[PDB]
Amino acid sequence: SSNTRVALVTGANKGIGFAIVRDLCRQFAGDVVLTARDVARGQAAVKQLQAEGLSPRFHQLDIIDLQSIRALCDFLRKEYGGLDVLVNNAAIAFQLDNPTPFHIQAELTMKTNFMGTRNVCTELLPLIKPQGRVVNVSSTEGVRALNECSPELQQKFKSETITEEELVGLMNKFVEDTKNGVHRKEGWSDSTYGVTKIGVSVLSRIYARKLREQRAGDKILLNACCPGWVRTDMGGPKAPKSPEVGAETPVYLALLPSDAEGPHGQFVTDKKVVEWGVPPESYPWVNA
């Protein structure tokens, strides 16, 4: 329903998500849709970008409100007849000193980081146009958390045949295991945030197969990635790189040139793919 291509980013009123929309408004040939769960916060962000010559469109979106997601679909369907670029950026993390009980932190982090991300995908993947790109912003914390789980769990996540059903099952188990205070007897990592990123990353793998299994001819590319340690409300003030820089790999994955057929279903960090599970080569100078 449109010959104009369109890109969309979740949780983009601030942080990396915001940075990503800026770069797209600059490097993407078509409309860029900035979304946010709060309209005021979201429109303000749009206004700020207009002050740079950029002109992105706005639309409300809370990836936790299934009804909010469906409305976006409607918007897209009618306005563009589909969607070309999707970047699942939105997320939360409970840091140190936050009183929230552990099992609750588990449940809420999972609820939006995995569940939310998945509900956006199941609803928008059908709308991705051929030559379309999908980027899921994960974290290397997922890999760290992956290596802390028991070899039995690691094997299940690293599987080539794991299903979307089994993945959703493992994520849910993790939450039940923490409420019942046994997740360690079950060989799980203590990192609720990390475990959710595992899910996002494995989910991307699974999605990559389904796409080539159900739409091989559509040349769609999908990958998960880590933007690095960045200065945001989530990253903290010590973070070495700024949002402008952090949005580099994600944007790169979003603009992969037409007909590339790779990378696909890969974990990308700093524009380079990284074997799933393989720990990070180095790490920034520590300034405690």
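Heads up: residue numbers just count along the shown sequence, starting at 1.
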Segment of higher mean CA temperature factor, 247-255 or 45-53: 45-53
Between 184-192 and 98-106, the record assigns the higher mean Cα B factor to 184-192
Comparing C-alpha B-factors across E152, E166, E141, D84 in this entry, the winner is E152
The largest CA temperature factor among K197, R205, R215, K173 is found at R215
Test of reading the entry: by CA B factor among the chain's modelled residues, which third contains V6? highest
Using the B-factors in the PDB entry, rank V278's C-alpha atom against the chain and give the third, lowest, middle or highest. highest
Mind checking which third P240 falls in for C-alpha B-factor across the chain? middle
Would you mind checking where the Cα B-factor of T161 ranks among the modelled residues of its chain, as the lowest, middle or highest third? highest
So where's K14 on the chain's Cα temperature factor ranking, which third? lowest
